[PDB]
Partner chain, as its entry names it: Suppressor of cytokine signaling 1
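Next up: just one chain, as structure tokens, the form solved without the partner chain.
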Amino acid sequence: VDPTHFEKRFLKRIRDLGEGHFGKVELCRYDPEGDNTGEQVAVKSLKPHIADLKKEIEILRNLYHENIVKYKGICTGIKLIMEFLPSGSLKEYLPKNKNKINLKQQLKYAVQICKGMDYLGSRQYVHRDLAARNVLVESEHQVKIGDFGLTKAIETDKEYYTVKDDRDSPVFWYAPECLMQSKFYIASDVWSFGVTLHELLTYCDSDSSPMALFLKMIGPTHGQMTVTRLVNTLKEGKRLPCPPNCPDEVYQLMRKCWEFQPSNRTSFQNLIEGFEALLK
């Protein structure tokens, strides 16, 4: 018996956790005894991309970090089995838990996301989808990167992966090089982290989301010209505003994520040092 091979007949669906465009995550109980005593697991499957899910499974199987969701196995068509984190995504958790989470805890979550991302970068991978909706809450003290659906390998001595299909792109979290040439560097993930940090600091408020704020900056009636207008505004040096009640020193670290050139752009190691200095 392979402990990473889950039989479909014992995988009992409890409820949906969330869904994207092509995939969904469900809470299941892996119950081989048939008495509802088995382990609860999160199960990722595609909506009725198969090649892309198989590649994602192999990436997650080889990632081992305290701030990266734990791979548990597969159910072979294929389903990805992972550990279940009851508090859900940061996007759902933060609006309901503002009383429990203060600035100090937000900065500790920030460090933890940087550590998981720095580990991913060390394994030569680029995430391409770093947003609060992809960060999971293990407890009020810990977060983990919880999805690798768009993750791609960066070639040795190369700075980037060349994206062919831009159709599932979160453009309001994307660096200018991603928008203009679909060039994905580890530096492009640092840009997206800065956007995720803005979300975390606003408690993932929908009205102050990166999409809502950029649309107010560029105008919301540009239709197919929207990304072009977003590129123009970023070239002008305009950036997302400072979250209410966010100290200028934290906003300054955020601004360093948004240096136009993917060179004036810092590393995750550099950001960790910044946040730790603010925590002491």
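What we label the rigid core is the largest C-alpha set whose atoms superpose within 1.5 Å from one form to the other. Positions refer to the first chain, counted from 1.
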{"property": "Between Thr76 and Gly77 - deposited residues without coordinates, as a size class", "result": "4 to 9"}
{"property": "Residues of the deposited sequence that sit between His49 and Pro48 yet are not modelled", "result": "4 to 9"}
{"property": "Between the two ranges 66-74 and 223-231, the one averaging a larger CA B factor in the entry", "result": "223-231"}
{"property": "Mean C-alpha temperature factor, higher of 102-110 and 179-187", "result": "179-187"}
{"property": "Among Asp129, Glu92, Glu138, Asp168 - the residue whose C-alpha B-factor is largest in the record", "result": "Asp168"}
{"property": "Peak C-alpha temperature factor (PDB record), options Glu236, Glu39, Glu58, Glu26", "result": "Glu236"}
{"property": "Third of chain Cα B-factors occupied by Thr196", "result": "lowest"}
{"property": "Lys54 by Cα B-factor - lowest, middle or highest third of the modelled chain", "result": "middle"}
{"property": "Ranked C-alpha temperature factor of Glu159 among modelled chain residues, by third", "result": "highest"}
{"property": "Third of the chain, ranked by Cα B-factor, where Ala153 sits", "result": "highest"}
{"property": "Where the record places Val43 (Cα B-factor, split into thirds across the chain)", "result": "lowest"}
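Another form exists, solved in complex with the partner chain; not displayed. Remarks below refer to it.
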| query | finding |
| --- | --- |
| Among the candidates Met225, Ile59, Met217, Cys242, the residue which, in the entry with it bound, approaches the partner chain to within 4.5 Å (heavy atoms) | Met225 |
| Of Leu103, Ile74, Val171, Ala153, the one that lies within 4.5 Å of the partner chain in the entry with it bound (heavy atoms) | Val171 |
| Site test, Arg133, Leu179 and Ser182 vs the partner chain in the entry with it bound, non-hydrogen atom cutoff 4.5 Å | yes |
| Any non-hydrogen atom of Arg167 within 4.5 angstroms of the partner chain in the entry with it bound | yes |
| Contact of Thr221 with the partner chain in the entry with it bound (heavy atom, 4.5 Å) | yes |
| Distance check, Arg229 to the partner chain in the entry with it bound, heavy atom within 4.5 Å | yes |
| is_contact(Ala212, the partner chain) in the entry with it bound, heavy atom dist at most 4.5 Å | no |
| Stretch from 159-167, 191-199, 137-145, 106-114 whose residues place a heavy atom within 4.5 Å of the partner chain in the entry with it bound | 159-167 |
| Sequence-ordered list of residues in 183-201 near the partner chain in the entry with it bound, where near means a heavy atom within 4.5 Å | none |
| Sole residue of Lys158, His141, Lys104, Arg167 shifting 2 angstroms or more in CA between the shown form and the other one, core aligned | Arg167 |
| Shift of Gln252 between the shown form and the other one at or above 2 Å (CA, core fit) | no |
| Core-superposed comparison between the shown form and the other one, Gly219 Cα displacement 2 Å or beyond | no |
